[PDB]
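> Mind folding the following:
(6 chains)
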Amino acid sequence: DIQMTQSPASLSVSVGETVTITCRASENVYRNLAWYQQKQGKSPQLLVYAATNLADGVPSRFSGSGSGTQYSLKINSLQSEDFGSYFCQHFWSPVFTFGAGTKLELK
Amino acid sequence: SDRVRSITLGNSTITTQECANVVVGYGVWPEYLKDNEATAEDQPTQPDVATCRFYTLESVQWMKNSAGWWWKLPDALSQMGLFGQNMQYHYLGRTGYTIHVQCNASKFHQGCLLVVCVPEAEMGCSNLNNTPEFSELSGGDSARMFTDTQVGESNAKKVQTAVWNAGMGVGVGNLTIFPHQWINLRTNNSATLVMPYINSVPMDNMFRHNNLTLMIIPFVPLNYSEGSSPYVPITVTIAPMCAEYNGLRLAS
Amino acid sequence: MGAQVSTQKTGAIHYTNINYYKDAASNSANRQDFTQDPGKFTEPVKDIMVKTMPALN
Amino acid sequence: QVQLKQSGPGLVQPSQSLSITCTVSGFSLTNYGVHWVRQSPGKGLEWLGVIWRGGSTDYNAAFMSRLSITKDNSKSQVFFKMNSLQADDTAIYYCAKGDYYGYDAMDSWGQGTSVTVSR
Amino acid sequence: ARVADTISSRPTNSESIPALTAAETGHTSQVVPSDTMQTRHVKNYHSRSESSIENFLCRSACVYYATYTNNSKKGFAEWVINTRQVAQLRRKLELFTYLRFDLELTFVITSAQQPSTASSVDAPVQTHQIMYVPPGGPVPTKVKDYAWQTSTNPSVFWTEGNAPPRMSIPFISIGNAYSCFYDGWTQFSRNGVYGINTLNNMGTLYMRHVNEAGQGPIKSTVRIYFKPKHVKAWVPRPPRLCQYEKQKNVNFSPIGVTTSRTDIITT
Amino acid sequence: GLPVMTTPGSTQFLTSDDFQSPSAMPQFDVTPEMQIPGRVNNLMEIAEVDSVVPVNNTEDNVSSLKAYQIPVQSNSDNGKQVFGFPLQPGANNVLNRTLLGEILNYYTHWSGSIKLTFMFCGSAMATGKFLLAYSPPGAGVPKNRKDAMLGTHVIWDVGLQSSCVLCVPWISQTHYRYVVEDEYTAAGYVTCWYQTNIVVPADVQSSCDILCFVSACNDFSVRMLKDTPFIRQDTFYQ
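Numbering: from 1, shown residues only, chains lettered A, B, ... in the order given. There you are, the coordinates:
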């Protein structure tokens, strides 16, 4: 099948700066990627679908881009309620595989 | 003025205050079946006040990054009142439609739709060996949506919904040869199409043949500055015209 | 019973044609029925609009 | 609008069967498909199986001989069944609907039941 | 069918606006070049004769070819009749939704010698038989069969070296027009097959050698040519952009609308 | 025993002949005709229907709906160019795959005028004026507004009617022109320039889009039917 290698595995940043989380597929998925955000001990929420589009209630700090095999997610101004985990999960082909995981301590 | 219409069918009335002209078929108006072209020998049922009225489908939301929608509509009206009851007890049936897509916004929004109504739209599947199933082709009074990506092929049975190929393998720019109108939010406010019965047989079964497809594709996407209303819906009202049925049987 | 479909395709002369078989699906091709009506694909509009007038009043 | 929720057994003996029933609300099973995702503390997130809106199912490769997902359109419920329940299945199981505007993404997830395979 | 000619124009200053229109009405502008500039009076003698429906479609095109070996068991060809195995005739017929024409068949039969082992191989001229079986009739299963009597099935006999054989077939259908597209299923439960194969019941075409295997095997090849006559067409359609993949359906792979250039202002 | 003599050209198979041939099914009763709406009598009325042309090919917009949209913004200088492409409706990849360019690739010669309908798909409070120029060949493509104003042009004012039709004329030495890329029978260039700026009020998006259509006039003609280069096949489909 196809693996999703996500980098970096962890981050330590403060409130108000610009970060960038990337994840790379094994082969081409044609912009079939979805980004999620999970806080401590609840279900993951959909954040960015189809590698560019924003969800219903997600504010415009989040921005996703990429094409082909290399994709990324960018927050221009990080805020106090936006820590947690982030995964990328392609829906190009069964079996769907999730990302490894990133962690934001917000130090 | 040339911007106001009033359409009255049965016990319903659709009015509009700014609009373009109405496009009618390939030049013909929907009428009944003559005796030169008839092939059945039983007398048809023409209720013509109970089924020739405006049925309003469900509304969809026009987001900024939206791709398109499609209905089928011998099938989208299969649960709507007495039109959906005569389709069940009868074996044959012919009809013509009038379609009214309506979508309003202020003077500070911008966008442009393409309201086209194509006959005999065969759709292509994502998996190259199979044909798409029924629930992925059409929903009863619920829109199926295009995407702007490429649908994967290892799914079981799914329609290829790449919007630039319009699902049928043709260029999406060349869809203007069918009867069509544009809803330009600068000037226009609603589109109206009157379609006759287009088929190679004088009557056909209505549960295994969808001889039309109404597609709505945004060419120039919705955009507005911050402060304007972000929720812009689209509503479609369809009304059959000159409907008749043959072959009365059990319910199915 | 020779049919005279005379006018050949000339630029800017007669020819003969006799049918021999009993089925109408065995004649030659038509090739000379020039008919045009583009008003059903270009102007499929209920209310006719004049060229010189503005389209939206 | 309120959405789907589940109810599971919680604690299961090894080499047994597991069954969580995820019931929905606010929509129909004739328009959306429900996925099944396993959140594991050691192996991370993984996708188990899905039942589409047409009724056909599609399972993972490693969980092929053990998974079986069915549904009922009238009662608006889906059923899942895994068998033989080995030691690494101590995780929390989610049900989540698909087809986010035709894009096959998960929009809303269940509350998740945490299962344990041990004695 | 002469085209319209341009008339002379004058400099104008009025309130009449031929250029400004509204494209939202779904109505193409009917303007001429004598409305936005000054034109001289030229009379056109050009004709639209070669762009007609009859002159566009009534040309012979191959649809299929199959081989069969004389000195071999399983040697005879069969072909269910359909016009969607080639790419160039399928694209021409799919510009319209409904068609109604009369066909005109032509077969081009060739032969080739196979590597036998006998010395001084000498064979006479060969004879071929092409039998057409309507849907429902009995079919042959070998070369020496009872079904090649053709008591009611039409068939043709042809020896090598002469002109190619040629028949003519009227409009055979159940409906009132041939249907190139069909958005529907076969069963009333909306299961099973979906597409254009619900209407494909034109029949089968069986080909065989007549002569016995004398001393050396001979492998023949017959090509079938379709040619529509008396054509009527309804409901035009945008032409096919992506490549064809299968015969039974319209499955495809997505592709761009055009080939790209380096800029928007480049030439 | 009437004496005849067989001329050259006997027992041949020419694929464009009109001869009679014996019927295979005699006295066959056809299915009677029926008035189906939308009968096409000639291929020169399919080409008279307008179709959106993909002007904006930039190597990644061809697999999107951004190929048809021409970006127009509120500038800060005078006389910027909007687009530009040569006028070759059978060889140039802008007008190649439209509804007009897909019929011309079945033929070899063509002659007549071409309409080019634009539509301002912007806001309701935005204004602007544009220049729609067509330059005959012989010189290069015009690079200024002063160079392009000397050809056949029109000035379009955006307003209540949101469409303008630039109709290029038939200016040539020969009665016909080749569909394929030829240097002897070139046809010219079509450009577009800002006349004045695009002025918007407050709280309006200043990035509007423009669609463009293409069709044929009532004196368009084609000749010498050939086969198309857009389709391809390796084996038989099964």
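> Look at the residue of chain A found nearest chain C and say how many residues are nearby.
Proximity of chain A to chain C (Cβ to the nearest Cβ) peaks at residue A:53, 35.1 Å away. The way it works is simple: take the backbone N, C-alpha and C, and place the C-beta from them, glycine included. The local packing of residue A:53 (other Cβ atoms under 10 Å in any protein chain shown) involves 22 other residues.
> which bits of chain B sit near chain C?
B:1-3, B:20-27, B:177, B:179, B:187, B:194 (Cβ under 8 Å from any Cβ of the partner chain).
> do the stretch 1-150 of chain E as well
E:1, E:16-18, E:20-22, E:25-31, E:35, E:45, E:47-49, E:52, E:54-55, E:58, E:102.
> contacting residues around the residue of chain A closest to chain C?
B:65, D:103 (Cβ atoms under 8 Å, 6 or more residues apart in numbering or on different chains).
> How about residue D:77: what's its closest non-neighbour residue?
Among residues not flanking residue D:77 along the chain, residue D:23 sits closest, at 4.8 Å (Cβ to Cβ, 6 or more residues apart in numbering or on different chains).
> Phi, psi for the one you found please.
Here is the backbone geometry of residue D:23 (degrees, to the nearest 10): phi -100, psi 150.
> Bridged to it, which residues?
Beta-bridge pairing for residue D:23 (DSSP bridges): residue D:5, residue D:77.
> so how far is chain F from it?
Noted for residue D:23: a distance of 39 Å to chain F, by Cβ to the nearest Cβ, to the nearest Å.
> Does that residue touch residue D:3 like I think?
No: between residue D:23 and residue D:3 there is no contact under Cβ atoms under 8 Å: 10.5 Å.
> List the residues that contact the residue nearest the centre of chain D.
The centre of chain D sits closest to residue D:36, judged by Cα atoms, centre = their mean, with a distance of 3.3 Å. Contacts for residue D:36 (Cβ under 8 Å, 6+ apart) come out as D:47, D:48, D:49, D:50, D:69, D:80, D:93, D:94, D:95, D:96.
> again, 7 Å this time
Contact analysis of residue D:36 by Cβ atoms under 7 Å, 6 or more residues apart in numbering or on different chains lists D:48, D:49, D:50, D:69, D:80, D:93, D:95.
> and it, bridged to which residues?
residue D:49, residue D:95.
> is it true that residue B:174 lies in a strand?
No: judged by DSSP: H, G, I helix; E, B strand; the rest coil, residue B:174 forms no part of a strand; its state is helix.
> Please report phi then psi for the nearest residue to it once chain neighbours are set aside.
Leaving aside its chain neighbours, residue B:174 sits nearest to residue E:238 (3.7 Å; criterion: Cβ to Cβ, 6+ apart). Dihedral angles of residue E:238 (phi, psi; degrees, to the nearest 10) stand at phi -70, psi 150.
> What sits closest to residue 72 if chain neighbours are left out?
Picking chain A for this. residue A:22 (4.5 Å).
> um, chain E though
Closest to residue E:72 by Cβ to Cβ, 6+ apart is residue E:217, at 6.4 Å.
> so who does that neighbour touch?
If you count contacts by Cβ under 7 Å, 6+ apart, then residue E:217 has E:69, E:70, E:71, E:72, E:114, E:116 around it.
> give me the number of residues near the closest residue to chain E within chain D?
Using Cβ to the nearest Cβ, residue D:54 is the residue of chain D that sits closest to chain E, at 10.8 Å. Residue D:54 has 17 neighbours, counted by other Cβ under 10 Å.
> which residues touch it?
By Cβ under 7 Å, 6+ apart, the neighbours of residue D:54 are B:133, B:135, B:136, B:157.
> ok, now with 8 Å
So residue D:54 contacts B:133, B:134, B:135, B:136, B:156, B:157 (Cβ under 8 Å, 6+ apart).
> which SSE is the second one in?
Assigning secondary structure by DSSP states H and E places residue B:134 outside every helix and strand.
> If we ignore the residues flanking it in sequence, what's nearest it?
residue E:190 is the one closest to residue B:134 (Cβ to Cβ, 6+ apart), at 4.6 Å.
> Just to be sure, residue E:224 is in a helix?
No: Residue E:224: not assigned to a helix; according to three-state DSSP it is strand.
> Provide a list of residues in contact with it.
E:62, E:63, E:64, E:65, E:79, E:105, E:106, E:107, E:205.
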